[PDB]
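One structure is given here, and the rest of the page talks about it.
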Amino acid sequence: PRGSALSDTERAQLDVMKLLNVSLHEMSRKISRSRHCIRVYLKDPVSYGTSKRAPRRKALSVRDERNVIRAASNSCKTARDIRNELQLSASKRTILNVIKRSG
DNA sequence: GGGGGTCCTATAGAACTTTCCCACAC
DNA sequence: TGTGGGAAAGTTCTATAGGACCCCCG
């Protein structure tokens, strides 16, 4: 987002100001934070920061991963070898990461 | 000035990857 | 020249902070 997430202290401050029935304009003045942001925190504090964001995609498909492992499970070929063998177009390092993730 | 609202959009911050080192190995 | 691995920098993700743009009251 355009700004950082409300921290613990700024949420605690929001909290007590709410119990003191401070206006929103005034609240956003004292913590130098947009009203937009505060309004949403107070409407439902328990779920602030709660909604995950779908991540970027891995560089390798489940197939490619499975082939990479099969190649390394069998023989001592280098990561680079495997990458060229399955014409993989993912970094030599990524392959190693996959191999290492398989125990 | 005080108070309130709705909606566009650039980005935080995370997930994942790649680059860049390193001590070593041929 | 290469390796694999640790660290740091890059890429790629989308929910959300900012703030634009509305309103009314004294």
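Give the residue, chosen from A:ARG70, A:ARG33, that is basic (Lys, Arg) and in contact with a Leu (Cβ under 9 Å, 6 or more places away or on another chain). Walk me through it before giving the result.
Values: A:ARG70 fails: in contact with a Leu (Cβ under 9 Å, 6 or more places away or on another chain).
Criteria check complete, one pass: A:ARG33.
Within region A:79-88, count every residue that is under 29 Å from the mean Cα position of the chain (by Cα) and under 14 Å from A:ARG63 (Cα atoms).
2
Restricting to region A:34-48, give me the number of residues that are over 22 Å from the mean Cα position of the chain (by Cα), under 11 Å from A:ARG11 (Cα atoms) and within 8 Å of DNA strand C (Cβ to nearest atom).
1
Starting from region A:78-100, take each residue that is closer than 13 Å to A:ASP64 by Cα and list its partners that are more than 12 Å from DNA strand B (Cβ to nearest atom) and of a type outside the set (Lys, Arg), counting only C-beta distances under 6 angstrom and pairs at least six apart or across chains.
Qualifying pairs under 6 Å: A:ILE82/A:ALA71; A:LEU86/A:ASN67; A:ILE95/A:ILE82; A:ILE99/A:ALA72.
A quick note on method: Cβ atoms are made from the backbone with ideal geometry, for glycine too, and the neighbour counts reach across all protein chains shown. Only the coordinates and a few stated rules stand behind these numbers; no lab work does.
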